[PDB]
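Residue numbers (PDB author numbering), protein chains in the order written: chain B1, 3 to 95; chain BC, 18 to 27, 34 to 110, 119 to 136, 139 to 223; chain BI, 1 to 145.
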RNA sequence: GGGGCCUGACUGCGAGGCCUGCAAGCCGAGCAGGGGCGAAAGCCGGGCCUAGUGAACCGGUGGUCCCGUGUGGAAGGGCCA
RNA sequence: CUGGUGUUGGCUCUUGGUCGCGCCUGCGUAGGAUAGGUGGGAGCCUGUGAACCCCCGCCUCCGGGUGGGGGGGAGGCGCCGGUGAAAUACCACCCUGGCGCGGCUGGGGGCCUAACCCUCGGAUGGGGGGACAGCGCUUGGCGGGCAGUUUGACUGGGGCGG
RNA sequence: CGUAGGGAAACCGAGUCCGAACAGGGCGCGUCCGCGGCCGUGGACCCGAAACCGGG
RNA sequence: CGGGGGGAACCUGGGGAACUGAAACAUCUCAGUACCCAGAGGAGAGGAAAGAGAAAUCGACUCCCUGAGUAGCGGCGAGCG
RNA sequence: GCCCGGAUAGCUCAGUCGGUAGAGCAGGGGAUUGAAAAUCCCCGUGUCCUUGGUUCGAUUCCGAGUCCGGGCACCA
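See the structure below:
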């Protein structure tokens, strides 16, 4: 699925099977022996976090984890609470 | 520091026991190497350059006194060929090699400067100066050096004896300098 | 992972120390247990602000002590106690000392930051020390009438 | 068949023909370079002759007047083998 | 299925590889004796406490080699000599193999809990599992379960044979 | 488009390429519009599959 | 306050074939085409240089004609461009 | 094409960390025995594949030609 932080989402890429000596060595060169569709997924993970009172998890690509510990630091300077686990995350931008 | 400080020898008494040591490639490619037989060096060093040469019965006068001491003739060729506890070096001129009697019973000899008659000739400076050392199984290097009284006269091996580095065909990088002996050791670039 | 401490600890301790750690550690231990915080410049500069304040704000009570040292370090008290012979009839605790010295020179003094054991009870000459850190020994004189 | 010196089992070219759907295949006098054998006339561009062979593409070697993506060089190409 | 990496953390035990540095290391024959090479090299060591004796580690070719600690006191070594291819003290670069601490990365083995995961009369918590598993990226492998295809011509029909 | 060609190219030019070569030999003198024949690309003379793929 | 659903084509974006061609076929082609989804509007996209590319150069983007079947790409095949 | 491993007595093969050439087995004689084995004893076999070289010499160190043994690729 998609990173709640970055917007990263699985992308489509090819899987190319080759054979042969690279031209840059012995030579002749390589020959593609099959291409096919496939996807690459973002490295999505789970981040449970305290914040205000309520617990709040993120779905986020590993690359962007820190970016959350940025928000929690930007979140301190705010008026919040009021039984709102999800309504926090929303307000957490 | 700002140069290779020889006068940083400032461990006993009279100092002519300092040295220059290094290392290079081990059996590089497939032969080895060879130093310049008594490297001429920008100083004659005022040394008692013991030239035990291989002269004729004619070069007993001035083969000695071209910066040296003793020289013989045919009286050390065949008479001193039978002695294994008693009996620099010039070379017999034109081509008369010394392995016909003087290799009988690894030494140290390249040749002496050319003239076709004399040795202490009408221009003779490069004839009494610095040492030389060939291969050494593991490393090699291992040369002599200079005297106790010399400010700038000791720093004479930068582009001369440490530029003997002109007989190492290929292997790695032929330098690992480390000078000074019989007291301490400093090491410097060339 | 750059972080600034709080609760001292082993291998990394006394509060406010910046020290580097494994993100897993910080993230799943220090930060949630409040044993340290992100070494963000946001915080880092707010750290400077805890030090720059307190630190110098404390050369006040130190330089101010020497400003009060340089009035009583030489000045004399003199107590006209009602005494008999060499011995005294009552004592002289600091609630007197401090007080007498207020009404004698208009200076406040803690009856506490002194160097007093017993309440004198004896006429002669004594000079006690004061507090804290660097100390100021005040000079006093005991009398009759 | 036997012996002597040899390396023309050449490099640069090829009038002109055989054969022939193409592309291949084959013979070639003569000129130049620098040679070999011969006193010389001359002969030598493998083998008495007709089989022992495989277009291009893609690579590899060794050369080399060439090209070198702003310029100088590289990288990589072309050319000859 | 599997290596590497991420998510991924603490604390130990254990070891590799390397390079810093510092200590050792060496016994074919002759030769004082356990001589690693090549060059220096006629002077050094000792109150910056030697000769001689005991306790004590380590190494061994069982001959010795070498280090700590005690005592002690002004004396030891090399040159010379001789044998050997090479000779002695002492200082130099120079691993032939081994330890001792350093750094740099590498591996196993334990224990932990806090990520992840399962559970619990609904829990900011309690149990269990646990840095593994799961999932991302990447490496090689197994792979008619599935897919796309190819399986030549001549030929007294085709195939078989040629 | 044509008025310049040769050479893989650098280039040279009525020449130039191979070559050491004043041997040889190889290559080296219109356009625009209409119409018609034919060709290449699109079903390309018309009708016809067995089938393959996507979404229902 | 907004949204929702509809709209012949046309537009952008997310996904994305096969017959076919290569006179078999896998790389390649058909083709980012057909189709599915989401979105936009009278249009949509793009748009003011971290651009081009060899010019003391030009100066947002879009569209048309050139450039040119050139440069190149390519089981250097078919073909693409 | 590129990197490994090897050669030592008739056969299969050990090693100075540069100074000795050896097991085992086959092979031949001698003791044993109703025998053939297994036993037990003695004796032959050496370009240490190849020339060079390091060194005081070399059979192990280095360059090397050589033949087999694998190993991984590649093939227009």
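Just so it is clear, CB atoms sit at the ideal spot from N, CA and C, and this is done for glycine as well.
Using a Cβ-Cβ cut-off of 8 Å, residue 93 (chain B1) does not count as an interface residue toward chain BI, since no Cβ of chain BI sits closer than that to its own.
For the segment 33-61 of chain BI, residues whose beta-carbon sits nearer than 9 Å to a beta-carbon of chain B1 comprise 37, 38, 40, 42 and 43. 8 Å or more divides the Cβ of residue 140 (chain BC) from the Cβ of residue 39 (chain BC).
For residue 44 (chain BC), the beta-bridge partners assigned by DSSP are 211 (chain BC).
Comparing alpha-carbon positions, the option among 44 (chain BC), 191 (chain BC) and 197 (chain BC) lying closest to residue 218 (chain BC) turns out to be 44 (chain BC). Residue environment: residue 133 (chain BI) is assigned as exposed (fewer than 16 neighbouring CB atoms within 10 Å of its CB, all protein chains considered). Put simply, the CB of residue 57 (chain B1) is far from chain BI, with every gap to its CB atoms at 8 Å or more.
According to the DSSP assignment, residue 31 (chain BI) belongs to no alpha helix (DSSP H), since it is labelled neither H nor E. The closest CA to that of residue 121 (chain BI), considering only 140 (chain BI), 56 (chain BI) and 86 (chain BI), is found on 86 (chain BI). CA-to-CA, the gap between residue 26 (chain BI) and residue 57 (chain BI) works out to about 32 Å.
In summary, the residues of the segment 65-83 of chain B1 whose CB is separated from some CB of chain BI by less than 7 Å are 71 and 75, in the order they occur in the chain. A Cβ-Cβ distance of about 6 Å is found for the pair residue 120 (chain BC) and residue 75 (chain BC), placing them in contact under the 8 Å criterion.
Nearest CB-CB separation between residue 61 (chain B1) and chain BI: not below the 8 Å threshold. Annotation for residue 77 (chain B1): 53 and 94 place their beta carbon closer than 7 Å to its own, counting only its chain and skipping 5 residues before and after. For residue 20 (chain BI), DSSP records a beta bridge to 2 (chain BI).
The three-state secondary structure of residue 141 (chain BI), taken from DSSP, is strand. What residue 52 (chain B1) touches in chain BI, judged by beta-carbon distance under 8 Å, is 32, going in chain order. In this chain, the beta strand (DSSP E) harbouring residue 13 (chain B1) covers 13-16. In the structure shown, residue 58 (chain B1) adopts extended strand secondary structure according to DSSP, grouped into three states. Residue environment: residue 66 (chain BC) is assigned as buried (16 or more neighbouring CB atoms within 10 Å of its CB, all protein chains considered). DSSP, read as helix, strand or coil, puts residue 71 (chain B1) in helix.
By the Cβ test, the segment 34-45 of chain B1 is in contact with the segment 9-22 of chain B1, since at least three Cβ pairs between them sit closer than 8 Å. A Cβ-Cβ separation of about 7 Å places residue 52 (chain BC) in contact with residue 204 (chain BC) under the 8 Å criterion.
Contact between residue 221 (chain BC) and residue 34 (chain BC) is ruled out by a C-beta separation of about 19 Å, above the 8 Å threshold. For residue 103 (chain BI), the enclosing alpha helix (DSSP H) stretches over residues 94-105.
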